[PDB]
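Trainee: experimental structure below, sequence on top.
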Amino acid sequence: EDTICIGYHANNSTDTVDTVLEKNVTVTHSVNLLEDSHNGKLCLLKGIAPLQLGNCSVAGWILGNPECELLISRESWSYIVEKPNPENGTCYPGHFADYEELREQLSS
Amino acid sequence: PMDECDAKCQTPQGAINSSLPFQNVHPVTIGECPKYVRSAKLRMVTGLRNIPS
Amino acid sequence: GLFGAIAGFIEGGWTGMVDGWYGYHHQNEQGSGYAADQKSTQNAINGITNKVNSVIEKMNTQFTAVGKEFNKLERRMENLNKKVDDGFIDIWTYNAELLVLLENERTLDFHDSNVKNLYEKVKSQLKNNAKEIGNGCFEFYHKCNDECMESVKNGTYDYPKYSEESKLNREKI
Amino acid sequence: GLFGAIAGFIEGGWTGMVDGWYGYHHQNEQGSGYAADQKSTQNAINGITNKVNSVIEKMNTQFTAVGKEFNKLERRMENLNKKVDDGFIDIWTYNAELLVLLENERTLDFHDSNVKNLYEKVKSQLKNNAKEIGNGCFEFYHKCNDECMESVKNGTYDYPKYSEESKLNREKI
Amino acid sequence: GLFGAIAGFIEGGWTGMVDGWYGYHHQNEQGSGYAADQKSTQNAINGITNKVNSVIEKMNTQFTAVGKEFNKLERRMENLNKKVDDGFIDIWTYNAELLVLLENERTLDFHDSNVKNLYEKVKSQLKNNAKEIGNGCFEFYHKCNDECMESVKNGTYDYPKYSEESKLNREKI
Ligand SMILES: *[C@@H]1O[C@H](CO)[C@@H](O[C@@H]2O[C@H](CO)[C@@H](O)[C@H](O)[C@H]2NC(C)=O)[C@H](O)[C@H]1NC(C)=O
Ligand SMILES: *[C@@H]1O[C@H](CO)[C@@H](O)[C@H](O)[C@H]1NC(C)=O
Ligand SMILES: *[C@@H]1O[C@H](CO)[C@@H](O)[C@H](O)[C@H]1NC(C)=O
Ligand SMILES: *[C@@H]1O[C@H](CO)[C@@H](O)[C@H](O)[C@H]1NC(C)=O
Ligand SMILES: *[C@@H]1O[C@H](CO)[C@@H](O)[C@H](O)[C@H]1NC(C)=O
Ligand SMILES: *[C@@H]1O[C@H](CO)[C@@H](O)[C@H](O)[C@H]1NC(C)=O
Ligand SMILES: *[C@@H]1O[C@H](CO)[C@@H](O)[C@H](O)[C@H]1NC(C)=O
């Protein structure tokens, strides 16, 4: 004869969480809060370009190393780009005091 | 590599989607950015449990 | 089934219906079928929207520059700034992780409570006119058409409709 | 009405009574009126007091001096101390805001649960002797005076008092 | 008794049984005794284990060196590093303390809910065949042996067993 029942949703899904009372806990729908990924690119802010040094040091950039493009046209930019191990330090070596401080002052 | 693409947050490992609150990816960032953790994952539930029978 | 249904008196969920997270399954002479409860479902999902907006937006992301660097004649500032940053990182990590665990727990409780409420709504009309059966379902001592289904969804039954049919078809049992 | 009453089977609240947050409304031949449940009400409000004491006091406010200032030859310390302070400010902000939202949610659940409990207490005495009606109320198959009201408030009925009057006045229905 | 039992319809606990946190008390002609519900008890305790693992492990403790020291010509760094460290200390303190209070609250609610669920499980079999009594207990209009006890524990009754004995021994009442 006739019958009424409750009902609710399930699916084929197997996305999972951890939870206080059980782990790998399966649900239908989820949402990843995290941005676990990176595009592996050096994009630019907002339409504002960054500064690039290529191979140069900050010393080779600021001082006028001819192997470093001076780039007076670069009036302002989004952020500074280097490599970790910059090639072209000073062709005539010498101490460069407060390198840190000048970097932080030229942070922006 | 350097690219013409645009962003709102950036790090050496890549340019970053500034939509979400968090990464676990690398602490160093510049811009309108997430915050770093030392973790694998964070996934809030929207739905609920799945059991067929 | 914190509050008694899902892994409670109910064992499991159903894959047939997809339009909304909750509903009923109707069974009558015309046939069988599933049909979703968009009222409470949409109310709940509005709650989830207001949650996740009230999780993401509560951050304030500055136009930031993270990193620094130092000489070896300022290890004070180096090991400090390490400890400082790692302190922050760990605190956000801990608070955030507990928030995900607890919020998903409260989401399970939110769902569980909503279905339990609806089960009481279904019961509230059909108390003596129709009986509990098994789990998850009520059997009628009378008969019910699709109009009766649609009525019982939106909080309408008209109690004296099949009061007497239930009052007689009970009495063999 | 997380647990089924307030925006649940109950639709709304009442402005007439002010002495305590909960109570009953009595209806009998002598008249109508509202009367507050100071027992559970005061128990709950003691809970709220212990909450807010256990929110405010858990801070420890030092005899503090916040600010600093620097030259332009220590932008490291400037932009650092900016990031440091803003980091703290944001973390307190986030944790605090989530605490207000969640605590008020749990306060709604606290109230909802207390009234639901009391509804079960009212039901537990008067199960067969008197019936559910509508929502929020029970009708008696017998009659009840102010002594009966005051008895049923404090957890007393004496079940065989009107057992028979209910057992006969049911039977027309 | 947030959800209605413990300091609710139940007044207090019992010291006789120790093998598991929950159970039943059986009363029949063979005698009296207590017996524990290891199913739901162990399920819950697995939950508590997963909690406390998910509290302790969510810390990450570095191979750390806490302290520093300074001259009096760097009071900036002194009073800073004081404020920095005290800031961290207070934030961990506040978050941790709220976590202990709230987690123990949710533990009480977890227990309360589990027993309430089980009370509904006990009721679900024996609805008309046996009655509510007092609080915490159901009286049978029929008789029940240790096999009947052990059956009713694991979610088995066979409803038509004593349906008729209840259907007749009711009728004097
Ligand atoms: C940056 O450094 C690399 C070194 O790897 C330079 O690479 C040289 O490029 C020239 C052509 O431009 C070749 O003739 C050399 O054989 C390359 N050497 C190596 C080791 O790769 C690169 O040119 C430098 N770029 C700038 C802009 O300075
Ligand atoms: C589950 O269903 C969704 C939607 O049809 C689909 O995207 C997904 O690939 C399916 N997964 C499996 C394992 O069938
Ligand atoms: C989840 O963890 C439980 C722990 O016992 C295990 O039984 C189950 O196989 C796990 N499932 C997956 C998909 O990892
Ligand atoms: C950024 O994230 C949002 C939300 O996840 C997504 O809609 C968008 O496509 C993403 N964009 C890129 C470029 O990753
Ligand atoms: C409820 O459903 C019935 C049909 O089952 C319909 O006549 C009535 O208008 C509906 N009411 C509302 C408020 O939707
Ligand atoms: C409860 O109320 C009745 C009257 O309604 C009174 O006789 C009795 O003493 C009261 N008991 C308590 C404990 O207040
Ligand atoms: C439940 O207990 C009964 C006896 O009391 C036994 O016959 C039955 O096999 C048990 N079932 C399970 C699933 O343990």
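Mentor: That came through, no problem. Residues are numbered from 1 along each chain as shown, chains lettered A, B, ... in the order given. Ligands and ions are numbered 1, 2, ... in the order given.
Trainee: hmm, residue A:55 is touching residue A:85, no?
Mentor: No: using CB atoms under 8 Å as the test, residue A:55 is too far from residue A:85 to be in contact (9.9 Å). For the C-beta atoms, the positions are set from N, CA and C on the backbone; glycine is no exception.
Trainee: ok, these two, which is more surrounded?
Mentor: Per other CB atoms under 10 Å in any protein chain shown, whichever of residue A:55 and residue A:85 has more neighbours is residue A:55, with 13 against 6.
Trainee: for the closest residue in space to the more buried one that isn't next to it in sequence, give me its contacts.
Mentor: Among residues not flanking residue A:55 along the chain, residue A:87 sits closest, at 4.1 Å (CB to CB, 6 or more residues apart in numbering or on different chains). Residue A:87 is in contact with A:55-57, counting by CB atoms under 8 Å, 6 or more residues apart in numbering or on different chains.
Trainee: nearest to chain E among those residues?
Mentor: Nearest to chain E, judged by CB to the nearest CB, of these is residue A:57 at 29.7 Å.
Trainee: please look at the closest one and residue A:89 and confirm they touch.
Mentor: Yes: using CB under 8 Å, residue A:57 makes contact with residue A:89 at a distance of 4.8 Å.
Trainee: so the two - more neighbours on which side?
Mentor: Of the pair residue A:57 and residue A:89, residue A:57 is the one with more neighbours under other CB under 10 Å, namely 20 against 14.
Trainee: tell me the contacts of the more buried one?
Mentor: Neighbours of residue A:57 in contact, by CB under 8 Å, 6+ apart: A:65, A:82, A:86-90.
Trainee: do that again at 6 Å, thanks
Mentor: Residue A:57 makes contact with A:86, A:88-89, according to CB atoms under 6 Å, 6 or more residues apart in numbering or on different chains.
Trainee: let me know whether stretch A:49-60 sits next to ligand 1.
Mentor: Yes: for stretch A:49-60 and ligand 1, the contact criterion (CB under 6 Å from any ligand atom) is met by A:54-55.
Trainee: one step back: compile the contacts of residue A:87 into JSON lines and extend it with columns for secondary structure and distance to residue D:53.
Mentor: Shown next, in JSON lines, are those (DSSP: H, G, I helix; E, B strand; the rest coil; distance: CB to CB, whole Å):
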{"residue": "A:55", "secondary structure": "coil", "distance to residue D:53": "64"}
{"residue": "A:56", "secondary structure": "strand", "distance to residue D:53": "62"}
{"residue": "A:57", "secondary structure": "coil", "distance to residue D:53": "60"}
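Trainee: so what's the residue of chain A found nearest ligand 5 closest to, chain neighbours aside?
Mentor: Closest approach of chain A to ligand 5 (CB to the nearest ligand atom) occurs at residue A:4, with a separation of 13.4 Å. Distances taken as CB to CB, 6+ apart put residue C:138 closest to residue A:4, at 5.1 Å, once the chain neighbours are dropped.
Trainee: counting neighbours, what do you get for that neighbour?
Mentor: Counted with other CB under 10 Å, residue C:138 comes out at 22.
Trainee: so how far is residue C:167 from the closest residue to residue A:102 other than its chain neighbours?
Mentor: Excluding its sequence neighbours, the residue lying closest to residue A:102 (CB to CB, 6+ apart) is residue A:58, at 7.5 Å. Relative to residue C:167, residue A:58 is positioned 92 Å away (criterion: CB to CB, to the nearest Å).
Trainee: looking at those two, which one has more neighbours?
Mentor: Taking other CB under 10 Å, residue A:58 and residue C:167 do not tie; residue A:58 has more neighbours (18 against 13).
Trainee: and the gap between that one and residue C:104?
Mentor: For residue A:58, the distance to residue C:104 equals 47 Å [CB to CB].
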